[PDB]
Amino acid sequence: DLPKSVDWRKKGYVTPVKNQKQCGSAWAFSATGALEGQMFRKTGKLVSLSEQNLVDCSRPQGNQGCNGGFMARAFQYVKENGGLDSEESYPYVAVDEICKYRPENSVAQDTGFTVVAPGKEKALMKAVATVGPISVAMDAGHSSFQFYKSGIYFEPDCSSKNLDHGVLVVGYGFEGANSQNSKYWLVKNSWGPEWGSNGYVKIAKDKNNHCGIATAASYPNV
């Protein structure tokens, strides 16, 4: 069956933590983080991808740059657009700018995306175990999240339905010796390495889809 724990950062699928700064673009960081892992699975090369390309160019697909967006609409843009530029060639400035997509600088493609069944944490565990990092949405609107530092995050006021922040599940695990209790999702944030635990947070797992991590998960098909 599935592994008791998974951590794709230990296999080379994940880039160093980034910082979206004062721009509502976490959906773009979540999408590039999922496509970075799928392109690494496919080619063996880890290449940081451009959030700014997504902020500036995916309005036609329904995103609104620094005003918000959705990872599935980003993967739809990369498919429709035929590519996505590297972080190095199309740098992040955290403000809406003119679309400067350059095909010659493209280092990634996708044909669409796969959705995890909504609200199903075991479907998400299977996707994380067999595919690589997965884009998810969560309810991050709490000071307990803003000031998180360590341990398993559990917020009684969390919603599993009304979400406001895109993040990336890079694995799952458990504390202690028993693999079926005190479980958690390993989640990469885009608030810089200085936030949380080196930029990451353990979110309580199999506790009624806490903070909505399994409500709107998806990954690009490469």
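The numbering used is simple: start at 1 and walk along the sequence shown.
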Inset, instruction - State which stretch shows the higher mean Cα B factor in the entry: 192-200 or 173-181. - result: 173-181
Inset, instruction - Take the C-alpha B-factors listed in the entry for 150-158 and for 55-63, compute each mean, and give the stretch with the larger one. - result: 150-158
Inset, instruction - Tell me which of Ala123, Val78, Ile134, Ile98 tops the list for C-alpha B factor in the record. - result: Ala123
Inset, instruction - Determine, from the deposited record, the chain-internal third of the Cα B-factor for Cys211: lowest, middle or highest. - result: highest
Legend entry - Chain-relative CA temperature factor third for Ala117: highest
Inset, instruction - Give the position of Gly68 by CA B-factor within its chain, expressed as the lowest, middle or highest third. - result: middle
Inset, instruction - Ordered by C-alpha B-factor within the chain, which third holds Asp85? Give me lowest, middle or highest, please. - result: lowest
Legend entry - CA B-factor ranking of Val107, expressed as a third of its chain: middle
